[PDB]
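Asks: would you be able to build a 3D model of this:
(3 chains, ligands or ions: 4)
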Amino acid sequence: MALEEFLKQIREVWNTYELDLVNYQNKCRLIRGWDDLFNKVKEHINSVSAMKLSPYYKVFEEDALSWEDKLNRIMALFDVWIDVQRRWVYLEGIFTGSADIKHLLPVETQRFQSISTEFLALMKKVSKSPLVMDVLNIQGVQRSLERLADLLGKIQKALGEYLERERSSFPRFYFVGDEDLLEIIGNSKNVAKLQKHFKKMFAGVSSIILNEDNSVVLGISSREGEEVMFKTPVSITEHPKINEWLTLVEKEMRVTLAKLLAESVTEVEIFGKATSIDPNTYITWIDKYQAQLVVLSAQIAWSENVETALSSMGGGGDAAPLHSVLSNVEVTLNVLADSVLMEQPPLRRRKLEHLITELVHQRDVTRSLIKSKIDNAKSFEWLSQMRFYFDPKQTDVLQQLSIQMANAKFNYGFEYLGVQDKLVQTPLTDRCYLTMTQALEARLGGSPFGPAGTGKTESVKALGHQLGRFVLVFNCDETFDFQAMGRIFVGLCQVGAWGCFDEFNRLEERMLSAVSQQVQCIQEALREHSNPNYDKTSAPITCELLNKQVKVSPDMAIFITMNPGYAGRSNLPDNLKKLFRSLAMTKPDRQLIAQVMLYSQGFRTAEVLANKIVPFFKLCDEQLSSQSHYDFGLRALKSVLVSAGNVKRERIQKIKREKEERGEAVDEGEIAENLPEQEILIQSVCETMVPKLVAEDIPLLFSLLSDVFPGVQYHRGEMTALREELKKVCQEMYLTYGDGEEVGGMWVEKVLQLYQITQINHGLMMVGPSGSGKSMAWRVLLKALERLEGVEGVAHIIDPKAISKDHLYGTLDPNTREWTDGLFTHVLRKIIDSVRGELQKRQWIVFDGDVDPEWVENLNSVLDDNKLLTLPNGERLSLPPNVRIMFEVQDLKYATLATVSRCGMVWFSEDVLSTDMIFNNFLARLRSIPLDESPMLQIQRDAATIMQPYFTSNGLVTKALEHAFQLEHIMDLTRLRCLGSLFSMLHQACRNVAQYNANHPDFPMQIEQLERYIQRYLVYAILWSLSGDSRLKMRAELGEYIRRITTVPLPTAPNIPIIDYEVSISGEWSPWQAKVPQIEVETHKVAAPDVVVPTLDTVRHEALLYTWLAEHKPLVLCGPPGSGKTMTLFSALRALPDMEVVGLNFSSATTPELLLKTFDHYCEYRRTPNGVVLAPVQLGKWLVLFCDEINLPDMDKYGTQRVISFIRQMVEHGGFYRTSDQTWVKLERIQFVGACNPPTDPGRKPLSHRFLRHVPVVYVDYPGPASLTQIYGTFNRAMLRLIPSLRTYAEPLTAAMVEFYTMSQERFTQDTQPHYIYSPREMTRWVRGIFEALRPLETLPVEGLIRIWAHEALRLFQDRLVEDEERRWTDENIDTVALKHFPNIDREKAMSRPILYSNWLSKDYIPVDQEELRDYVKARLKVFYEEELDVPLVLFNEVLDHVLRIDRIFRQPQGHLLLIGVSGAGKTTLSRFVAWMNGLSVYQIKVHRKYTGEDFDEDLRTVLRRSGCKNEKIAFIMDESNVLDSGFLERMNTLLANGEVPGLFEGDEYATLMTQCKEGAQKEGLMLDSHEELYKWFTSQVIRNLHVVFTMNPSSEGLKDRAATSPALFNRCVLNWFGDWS
Amino acid sequence: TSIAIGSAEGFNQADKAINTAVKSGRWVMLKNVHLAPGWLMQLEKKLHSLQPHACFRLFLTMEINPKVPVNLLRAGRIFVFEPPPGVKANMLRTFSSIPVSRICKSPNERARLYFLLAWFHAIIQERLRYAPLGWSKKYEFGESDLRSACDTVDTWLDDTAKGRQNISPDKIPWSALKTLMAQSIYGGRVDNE
Amino acid sequence: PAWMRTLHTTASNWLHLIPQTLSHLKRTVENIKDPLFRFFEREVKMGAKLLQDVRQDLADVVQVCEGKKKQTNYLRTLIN
Ligand SMILES: Nc1ncnc2c1ncn2[C@@H]1O[C@H](COP(=O)(O)OP(=O)(O)OP(=O)(O)O)[C@@H](O)[C@H]1O
Ligand SMILES: Nc1ncnc2c1ncn2[C@@H]1O[C@H](COP(=O)(O)OP(=O)(O)O)[C@@H](O)[C@H]1O
Ligand SMILES: Nc1ncnc2c1ncn2[C@@H]1O[C@H](COP(=O)(O)OP(=O)(O)O)[C@@H](O)[C@H]1O
Ligand SMILES: Nc1ncnc2c1ncn2[C@@H]1O[C@H](COP(=O)(O)OP(=O)(O)O)[C@@H](O)[C@H]1O
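Replies: Numbers count the residues shown, from 1 in each chain, chains lettered A, B, ... in the order given. Ligands and ions are numbered 1, 2, ... in the order given. Sure, the structure comes next:
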């Protein structure tokens, strides 16, 4: 009864729970405490589910059921209200605090007044009764909240101009998006909400410090807790406007930094010119001032000391006080090194590290000066250095400090930078500094170019921070157009900030040329700012940006970092290149960056460690196997050195803890002296590099470690708690767990390596072949971390290539300049905002899919150390510390070095996930998860027990798979494809056993019968899964091998292969031939589209397809065109009444948009507590999306088919993403069947292995000569029953047919012409034509039958031929075949060469004389001239042949034509004449210069309306010249193949079409009311009435291109090669 | 009126400037026109049916690109800009580009410094022709480097010589010029030891 | 065809010129400690892989030129 007790507890909690309300400026009582309410709702929902688990639940089920509904409603309401409330808050602050908006924007001000009145009325109602249920019981409360949210969103979107004006007021607002700018402006009164926005407007100011009233700004703070206290605090009461006191805060920041720098310089002058420095005094001085200030003071003191020494030595013969400067530098460096050898606070530790770096640089410079015998302060060896001069006598504090390099002079910007990671100042950062400062003095930009991992982006940042500037890093891409770059320039010019545009060559060349104008005008303004003639008292320097006069600040600069070595990057125009000074940054000094980094981190042996670790990285680069995911560069050394520092700190802490818990004796010096720095460095190197290594490279790297670092061993930690959590998670997830060498030990080691990489890198890549355990690894790691650390783990899986890059990152509207968030941008922004506590959870964004530079190079700033998602609208999103960016990929063959270097790598091999692990997973799932949703569970357990011996190491299945991997398959063979096929078939076997038990309630299956059936079915499923996608020879080979290696009883037939046997439910092998009877087709059903003559292949493939479809498993039928894939699939689906099939016809231009249109037509999206679910409109029916050309869609330059990625995401993940609102949509009652030709066929691409893993492939080959003889002998016997005297000729005729077909299929192949494809489709058309000719006749001699046979052979096999010799061969071979199979006949009577048949001179289709036909056509042409078209035509024999063929096609249902010939040959005129003869109305699209896709859609709608609703027969004549875009061909392909375009009628057009269809059905007398029946009738009418005649020139490459762009032009259209006039 | 081609507003500005200048007689230059071949065809068609002012000139600066329409090439007069044939031609072009008043300033040594700069530029650019031997790759040693070097020479000569008519050759900042040219002006493009 | 015969002769001559065998280096506990072996094993591995691929491609080309096997997409590209 504990369920009842907990239900009563929940009832009492909700009856006592009230909304926590707090007053809001005496306007209303806003809801407070969203987190508690959400957590309570989630906990109660989880509890209710837990009770649903128990059986006793039933006695309370309904009540508990009722409860969840209320709970869900609560959540739903408060999933909106919070947002609403938040929005209203800041919107209120915009429409009340600001007075200019009422004059500027009155209409939506009144709108917001009305909505605010509604919101306050609702809040008053809530305040009257604060009960949660009472609020939930308000009538229409949910609808009211949704309407308020919609109206608030519209008003918020209607505030762009005000936001732009406010940005103009405060320039830093240019770096804040519209959402956050509205939040800042609205919440100006409540300053506590602005703290999270200061990081976007300032370099190092993450928050501001206020008093208890929050009315005076006392100072600023950084993200590390460092605080700067203002000398003159900023009062918010005196300056209520947000921008005014923000500007005052910025000015006071600069002034107080200058004053503190002056004080720090005055203090540090004591340490300078001092022989000995007390460590305590130096530490006190360091702690007193900020990091940038102490570094700047040290630089100023050293520069002044060197200047004084050089002035003293200016005499030449004087002494050398430069030695005094060097001695002072060395003494201070020794003090710093001693300080970092003991425990320090983290902020002071970073200050000491920065000071060590700066003083090492100073010592090197002073040693160089002494070695060069420098005695003059004007020597360029001293002038080329960066020298800092302080003038305390300057009245302006902002001008007291000057930084000079060569002739370049700069003023410190005094921007608060916080604590920035200082860069070792190597020789190339000195060359970079010199070149960039020379560019700045010339008022030019800087362009450091070179490979990636050289220092280009950081050296720019380090130079900007050295000058105290605000450096903004922008990750450029092709979407940074002229306007976005111009607005960014406006922001930078007004703020006075440095703009580092990395990957600048990723812009379009035209965009680079356009932006050159803005760069040039900006530089001209800067140059006129530099001239001393200008006075700041006059008008400020302004420039022409975006048709506006924008003030230019002297501190502004533009830098572009690019790698010109990447192929496919834009070439900068020379007029743009001349605006930048370029520098080659190719070889960083890795030896010095290490040495200095290890020296500053506290390593006593830093020089030895660096000299051992840099050559070690070179050795790893040049000795390990070359892999695409290997990176041994600078971003990988700095990743190792930082980890070494962290590991040394952790080891010191551990040693101190051990000393504390074992006696009381702690000494920093003793620990520092007795510390294995070698072992620490090796541990970091291993933890960083081992996960990326392949199996063969691990011993090589460990041998390299032993060679370079002898005597030190890497003993990895035993993470016992994490391993226990992993074991529990694997146990509950049916996954195999192993320790060390046990089964699964490699996988668990990979999981632990992934965990280690997560802690070091915020960007990860699990690289490995399909089915290597990557997904399971990171899922199990996430769950184990959630259970261990107690932090909830949320994973957002994004397929980056299943959607366009615009849908992935976002779109800037070229007209209104409005930003629409993409998928990744929306997810990241939602995490950053943390409206629902997303910052307290472990967020993992997994980019599962293909990686190419186009989409992933936008993530360079994210996966770098900028951790910024830079958008073209100037917005920058900081990556939260709890967010990991993950890439689950199968290869990195297209990713560049920049991507590989920025991320940690974990390499999963196919050996990591052994086959025993997969077998164990399958058996555990079978024994645990019932198949129905227990007799079914018992059946599954017994079957798993029976299959256990074969699912072992070196078992039947393993040996069979190993053998099958050596055969030849129509598609690339992967282990998991075969294993999934086998597992689905075994599930079908268990379901068959359950069905047999249900059919025999009294006598169920016993143990021995079950064993026999399961063993035989296991052999059968191994055969059909490991060789289903291979020819008959390979199936026989696999059967023979299994017979060799198995102990299961097998059929004893001497020569019949095992593939010809099925397993009956009685536990015995039975031949498939027993299910293939000699049927007798009805005469009226001869060669009908839905008539299938059963054969061995037909029944076998039908059974296999039923097995795969009943499991709702996506499947693929691969085979030659016309083999019978669609026929077999439809015949198999006929046995599944609860499955409705929808046919899609893929082409080269197919995108996921076709699938989305099909979903919008046949399915619906519904909102459920678990999310959005897309399900078919029909209830209880499964939608089968049959895609006919899955491997045709275009593969980009990076080897990815977007629609294939979409289908793979929808199968593997069970859903997709709606890009309208970036919402995960889960598929329900939807499965996938695909059809394709072999990938070796022209225009066909090999499907991805990740996609092929989820889809079993069955190879449907052409029926053999015996199979063809059987099928078409049955058809001919059925057909010839019309004329009894011809019945005895049924056997020979078929043979002749088959023979000729074979001959043609051997003579004309795709090598000659692309359209030379002969299939059983031609034989079916042959039978259909002969039957149609013979149907009206009451009697006919054999000669007439042979004449009809020859005529149909000519029409089917000769009309498509290009050359004359081919047609002559066809004529001769028809004659020879007919004489061979029909001897003793009148040769001349049945083979007079003008074989013409027509129904124009009679009621029936009988042979027609050429002259009589010519006279009749002449008369009809006279009538045609006098009525329709007065263009006289000369009649010759080929014209008669062509008009007869066109009439034949026009008399067929869904009869489309493809007339190929030279222009002016008469194709269009003859088509129009024949259509007029047959009564068809000719429709041609009037294409002009402004004809677009919308016009073609309208024309298609008109044609479909006329031919489907009005029952009008229409000949739609279309020429290749009418095709202006590929969308034309896509819609034409869909219309030709199916008879209906899925997305053509939408919106009110669909309603009008439905009304017209209802009217037409009423006219026809049909009772149709439902939209589905109306659309089916419309499609049938369009199929029966519309004849599309496509005309094109006989181009060589054009025909091959069209064979893939529009496949239905060669499968649904009868091809007639008119050619040129002979 | 100088307009850089590549943007739709760039095309609008080009059209407006041409329409204004064909009446006012001013000059219009359009840069990188090879990036818009279709707009180039439209511009040629517009130019053919036009009677501009006597002083109107339309310069179209582009790179040698096969995408440039043939009708535009036939409509206009083509001038090919390329490296000068030799050392003498290079030095003549350099001395023509630099204004006389700039070289003939207060220090008499400025002329010799400019001559040495011109000779250095000519030698380097001529060595660019022999790609594997003269250099290791086709560096973009061009007019911008020469202008930067001339600016550096002017700056440091005016720094050392405080308006004096003559400066001793020992006092010329040779180290400054050499280091700035080896590390910043010409050595910036160099990525080879 | 003329080009078919020319390509057949060229591929046969190339197969005659190119060697046929290249055995991978053998891993040993003391061989790994030698950097020269650590480099030569990579050399021989890449050489053997490339040799096998080139020999298979040329054999396929010769087979196509005699008409024994059908042309595939990769074979068409390689022949072109
Ligand atoms: N520890 C394990 N024990 C047993 N089976 C496992 C284990 N981990 C994964 N598998 C199974 O092995 C197969 C590999 O699936 P997984 O999702 O891990 O592969 P993947 O590397 O993501 O492949 P892809 O690159 O195609 O996404 C699946 O059947 C999976 O359930
Ligand atoms: N002089 C240096 N001292 C310390 N770290 C450096 C130095 N130069 C480069 N780095 C590091 O090298 C890595 C790559 O540098 P970055 O400038 O981001 O590369 P890129 O030039 O490809 O844009 C970063 O971790 C950066 O901090
Ligand atoms: N056993 C059979 N009974 C009837 N028709 C068959 C049989 N085997 C093959 N065919 C013929 O093969 C052709 C298959 O074409 P289709 O179903 O479109 O296949 P695909 O999609 O593979 O091209 C049809 O003309 C069909 O009549
Ligand atoms: N047999 C013919 N006798 C006379 N003129 C013909 C004949 N066939 C075609 N034409 C000419 O073709 C012209 C139009 O060509 P059309 O039939 O549209 O060919 P296409 O569509 O292939 O370009 C007519 O104006 C007519 O003069």
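Asks: centroid residue for chain B?
Replies: To find the centre residue of chain B, average its C-alpha atoms and take the closest one (C-alpha atoms, centre = their mean): that gives residue B:143, at 4.8 Å.
Asks: repeat for chain C
Replies: Against the mean C-alpha coordinate of chain C, by C-alpha atoms, centre = their mean, the closest residue is residue C:54 at 2.3 Å.
Asks: any idea which helix or strand comes after the helix or strand hosting it?
Replies: For residue C:54, the element it lies in under DSSP states H and E is helix C:35-65. Using DSSP H and E, the helix or strand that follows helix C:35-65 in sequence is helix C:73-79.
Asks: which helices and strands sit right next to that next one?
Replies: Applying 3 or more C-beta pairs under 8 Å, 6 or more residues apart in numbering or on different chains; DSSP states H and E, one finds that helix C:73-79 makes contact with helix C:35-65. Every C-beta, even on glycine, is put in place using the N, C-alpha and C of the backbone.
Asks: tell me the SS of the closest residue to residue A:467 other than its chain neighbours?
Replies: Sequence neighbours aside, residue A:410 is the residue nearest to residue A:467 in space, at 5.2 Å (criterion: C-beta to C-beta, 6 or more residues apart in numbering or on different chains). Using DSSP: H, G, I helix; E, B strand; the rest coil, the secondary structure recorded for residue A:410 is strand.
Asks: and the end-to-end length of stretch A:384-403?
Replies: 12 Å (C-alpha to C-alpha, to the nearest Å).
Asks: helix/strand/coil for residue A:544?
Replies: strand.
Asks: what's near enough to touch it?
Replies: When contacts are counted by C-beta atoms under 8 Å, 6 or more residues apart in numbering or on different chains, residue A:544 touches A:521, A:550.
Asks: go again using 7 Å as the cut-off
Replies: Contact analysis of residue A:544 by C-beta atoms under 7 Å, 6 or more residues apart in numbering or on different chains lists residue A:521.
Asks: so what's it bridging to?
Replies: Residues in a beta bridge with residue A:544, per DSSP bridges, are residue A:549.
Asks: what's the spacing between the residue nearest to residue A:467 and ligand 3?
Replies: Relative to ligand 3, residue A:410 is positioned 73 Å away (C-beta to the nearest ligand atom, to the nearest Å).
Asks: again, but for residue A:930
Replies: 37 Å.
Asks: tell me the SS of that residue?
Replies: Of the three states, residue A:930 takes coil under three-state DSSP.
Asks: state the number of residues packed around the closest residue to ligand 3 within chain C.
Replies: Among the residues of chain C, residue C:70 lies nearest to ligand 3; the distance is 18.8 Å by C-beta to the nearest ligand atom. Around residue C:70 there are 12 other residues, counting by other C-beta atoms under 10 Å in any protein chain shown.
Asks: swap in residue A:1566?
Replies: A count of neighbours around residue A:1566, defined by other C-beta under 10 Å, yields 12.
Asks: name the element the nearest residue to it once chain neighbours are set aside belongs to?
Replies: Sequence neighbours aside, residue A:1577 is the residue nearest to residue A:1566 in space, at 6.6 Å (criterion: C-beta to C-beta, 6+ apart). Assessed by DSSP H and E, residue A:1577 sits inside helix A:1571-1585.
Asks: and the helix holding residue C:54, how far from the chain's centre?
Replies: In terms of C-alpha atoms, centre = their mean, to the nearest Å, the centre of helix C:35-65 is found 5 Å from the chain centre.
Asks: hang on, the earlier thing: which ones are touching the residue nearest to residue A:1566?
Replies: Remark: with contacts taken as C-beta under 7 Å, 6+ apart, residue A:1577 is in contact with A:1557, A:1561, A:1566, A:1568.
Asks: hmm, which two among those are most spread apart?
Replies: Across these, the longest distance by C-beta to C-beta is 10.0 Å; it joins A:1557 and A:1566.
Asks: quick check: residue A:543 touching residue A:553?
Replies: No - in this structure, residue A:543 sits apart from residue A:553 without contact. The criterion is C-beta atoms under 7 Å, and the distance is 10.9 Å.
Asks: ok, the two, which is more surrounded?
Replies: residue A:543 (22 against 18).
Asks: distance-wise, check the more buried one relative to residue A:1396.
Replies: 82 Å (C-beta to C-beta, to the nearest Å).
Asks: what about residue 58, neighbour count?
Replies: In the absence of a named chain, this looks at chain A. Look at residue A:58: counted by other C-beta under 10 Å, it has 10 neighbours.
Asks: chain C, not that one
Replies: Other residues close to residue C:58 by other C-beta under 10 Å number 18.
Asks: please apply the same query to residue A:448.
Replies: Residue A:448 has 29 neighbours, counted by other C-beta under 10 Å.
Asks: can you classify it as helix, strand or coil?
Replies: Assigned state for residue A:448: strand (three-state reduction, three-state DSSP).
Asks: gap between the residue nearest to residue A:467 and residue A:437?
Replies: Using C-beta to C-beta, residue A:410 is found at 7 Å from residue A:437.
Asks: neighbour count for those two, which is higher?
Replies: residue A:437 (25 against 21).
Asks: what residues does that one make contact with?
Replies: By C-beta under 7 Å, 6+ apart, the neighbours of residue A:437 are A:405, A:406, A:408.
Asks: residue A:22 reaches residue A:32, doesn't it?
Replies: Yes - Residue A:22 sits in contact with residue A:32 when judged by C-beta under 7 Å, with a separation of 4.6 Å.
Asks: can you name the residue of chain B nearest ligand 3?
Replies: Residue nearest to ligand 3 within chain B: residue B:38 (42.4 Å; C-beta to the nearest ligand atom).
Asks: okay, now that residue: neighbour count?
Replies: Residue B:38 - counted by other C-beta under 10 Å - has 9 other residues nearby.
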